[PDB]
Structure formats: C-alpha cells, structure tokens
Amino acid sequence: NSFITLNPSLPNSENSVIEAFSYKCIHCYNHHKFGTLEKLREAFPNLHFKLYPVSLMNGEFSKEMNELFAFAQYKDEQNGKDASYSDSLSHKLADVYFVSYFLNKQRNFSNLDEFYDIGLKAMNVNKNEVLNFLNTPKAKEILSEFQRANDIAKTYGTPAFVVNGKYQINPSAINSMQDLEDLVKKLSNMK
C-alpha cells in the first residue's frame, strides 16, 4: 500500500506534514537540499510543516539534538515560520548538521559543548536561551512528541512523511517530487 494509518494519531498535527528524519540519513539530506518541504508549502500553503528528529539514529548527542530541534520548533512557531522556510531556525539547524556529517565528513564531535555550539551558532542564539526554554512546559511537550519518531522510523526507515498526524507514506511510493505532492493532496483531504 502507498501509506499506513497511525493509531493513535499524533498530537498537534492538524493540517500538517511531519517529516521524521536523521541527520545521518542521506535520503533525508537529499530532501533537505532539494527543498522538499519548501516546495510542499508552495503547493499546499494551508499546511504546517515540522521536523521530528529520530533519536535512535542520531548518535552520541541524540538527546541534545532533540533539545535543539525542540527549541527551533518553538522559536519558529513564535516567529510565524516552520521547517518549510529556508530561513527558519529548524532549517538552519538541520543544514549545519547535514553539512557537518556529509560534506565535512565529521565522524564525531569532541565533546558536548562543541556539538551544542555548532547548533547554537547556526540558530544565532546563546546557550542560556535554549537552557531556559528547556525548563518550560512547552519544551517538555515538544520533546514528548519527538518520542514517537523512533517508532515511526522503524516501519520503513527515514525520511518518513506523515500527513495530518494520521497517514504515514510508504517511501517506495515516492519516486519524484510530483509523486509526493500527489500523495499529500490525496491524504490531506481524507478523514
């Protein structure tokens, strides 16, 4: 089948596409470079777009990567943007780690401060702003939602696209931008 139905459906996912991704996943990188989410916004300007990092795939600093993406989600939403914008914090944050891993072939980060600072500088924020955010109820809610990314990723791998929190697309059904546009229009308009 071209998609499966999630049960239960995801919270805070009405009128949306969520991409579960890993910064070590070359197909994720390809969608990032290609601008898949920006192009989906172009075709579906009514939808919201969110990245779900898959912590089981993100290595030594996987918990801290989730912290930085949760912050980026919160800040982008505050600013009326989301991950389908090239200037968003979420997109900038994904870019710096994709570049680190795939184009600078950085196997590891020396230590946690070095890892964190790469994300802090990509988002042009200081550590105090992120750590203060992590003590708030909204941070715990956002991180709690990311927990589902691992189970979502086990079905078919990454990236996993999920429409309206309910319909998870089988990657074998996607062979072009047009295919993915067609499935999002079909699935976005079901119950």
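Throughout, we count residues from 1 along the sequence that is shown.
K.L.:
Please compare 11-19 with 171-179 and say which has the higher mean C-alpha temperature factor in the record.
P.N.:
Mean CA B-factor is higher for 171-179.
K.L.:
Pick between 34-42 and 139-147: the one whose mean CA B-factor in the entry is higher.
P.N.:
Higher of the two, by average CA B-factor, is 34-42.
K.L.:
Please pick out which of 51, 54, 47, 68 has the largest Cα B-factor as recorded in the entry.
P.N.:
Of the candidates given, the C-alpha B-factor peaks at 47.
K.L.:
Where does residue 153 sit by CA temperature factor within its chain: lowest, middle or highest third?
P.N.:
Tercile = lowest for this residue's CA B-factor.
K.L.:
Which third of the chain holds residue 111 when residues are ordered by C-alpha B factor: lowest, middle or highest?
P.N.:
Highest third.
K.L.:
Select lowest, middle or highest to describe the third in which the CA B-factor of residue 95 falls within its chain in this entry.
P.N.:
CA B-factor rank for residue 95: middle third.
K.L.:
Where does residue 134 sit by CA temperature factor within its chain: lowest, middle or highest third?
P.N.:
For residue 134, the deposited C-alpha B-factor lands in the middle third.
K.L.:
Ranking the modelled residues of this chain by C-alpha B-factor as given in the entry, is residue 88 in the lowest, middle or highest third?
P.N.:
It falls in the middle third of the chain.
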